[PDB]
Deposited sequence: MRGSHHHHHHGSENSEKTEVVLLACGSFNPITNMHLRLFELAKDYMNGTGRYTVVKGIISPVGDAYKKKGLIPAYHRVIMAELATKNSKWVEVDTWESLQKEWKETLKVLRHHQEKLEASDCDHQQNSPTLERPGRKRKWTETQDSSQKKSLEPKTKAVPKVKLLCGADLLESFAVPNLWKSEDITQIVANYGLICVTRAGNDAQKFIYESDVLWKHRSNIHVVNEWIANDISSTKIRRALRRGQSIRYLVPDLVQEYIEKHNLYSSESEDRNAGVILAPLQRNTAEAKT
């Protein structure tokens, strides 16, 4: 049947009902295919070295996620990436977790949304062969409201298409779209966030005034993709 473990790399600024729902979606999919059984889901907040704009320090991110998942029987956080001194290429993170498992072989597979995927085209953001290796040796599960675009994008690229049998596009009927950005912005304006993220999360947020604008100013100088 092939046990699987879904890895989700991402900034995970304010983790939100969405990211949680993604896991719900991906699972129901693969389980529902018959050729799979989802064993566990891993959230892996990016390190601070990633240096993206408005990226608050990892502790908060890892914490929030954990709080976020406290009540889940299959999704657990995982801090290895957030502690590295140097930013980690997704490929390396995937390998890591796979190698770990090899110490009855659940395949690790990259969980993701459209953006990630489409970001494959950003110049210098990815190592051509990184993409290859990823798609080739570890699956890629993409859950989106924008099914078609995702599928064109694949059609559009020889590398992806060649390994399309390892890429699954999961349709998000019922619109999520609770983007980190919109959530931060709300916070910044004293809006509400309630119901868009898990309570403990909200509460962790409000008692700690985590998102400000002083915060959004963070890292106003080139991310760690430029090699």
> Could you give the ranges of the deposited sequence that carry no C-alpha coordinates?
Replying inline: 1-16, 120-157, 282-290
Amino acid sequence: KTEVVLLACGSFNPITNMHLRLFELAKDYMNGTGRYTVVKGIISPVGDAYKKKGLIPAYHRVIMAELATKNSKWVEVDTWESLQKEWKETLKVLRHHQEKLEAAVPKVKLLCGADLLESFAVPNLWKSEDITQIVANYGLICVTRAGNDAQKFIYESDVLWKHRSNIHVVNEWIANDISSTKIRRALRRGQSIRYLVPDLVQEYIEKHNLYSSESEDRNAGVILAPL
From here on, numbers count along this sequence of modelled residues.
> When the other entries of this protein are compared, is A104 unmodelled in at least a third of them?
Replying inline: yes
> Out of 25-33 and 187-195, which one has CA B-factors that are higher on average in the deposited record?
Replying inline: 25-33
> Hey, which bit's got the bigger mean C-alpha B factor in the entry, 216-224 or 2-10?
Replying inline: 216-224
>> Using only the C-alpha B-factors in the record, can you name which of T144, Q151, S157, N137 has the highest?
In response: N137
>> Maximum C-alpha temperature factor per the entry, among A103, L110, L117, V77, belongs to which one?
In response: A103
>> Using only modelled residues of the chain, where does the Cα B factor of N176 rank: lowest third, middle third or highest third?
In response: highest
> Considering only modelled residues of the same chain, in which third does the CA B-factor of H163 rank: lowest, middle or highest?
Replying inline: middle
>> Looking at the temperature factor on the CA atom of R61, which third of the chain's modelled residues does it land in?
In response: lowest
> Going by what the PDB entry lists, where does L67 fall on CA B-factor within its chain: lowest, middle or highest third?
Replying inline: lowest
>> Split into thirds by Cα B-factor across the chain's modelled residues, where does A49 land: lowest, middle or highest?
In response: highest
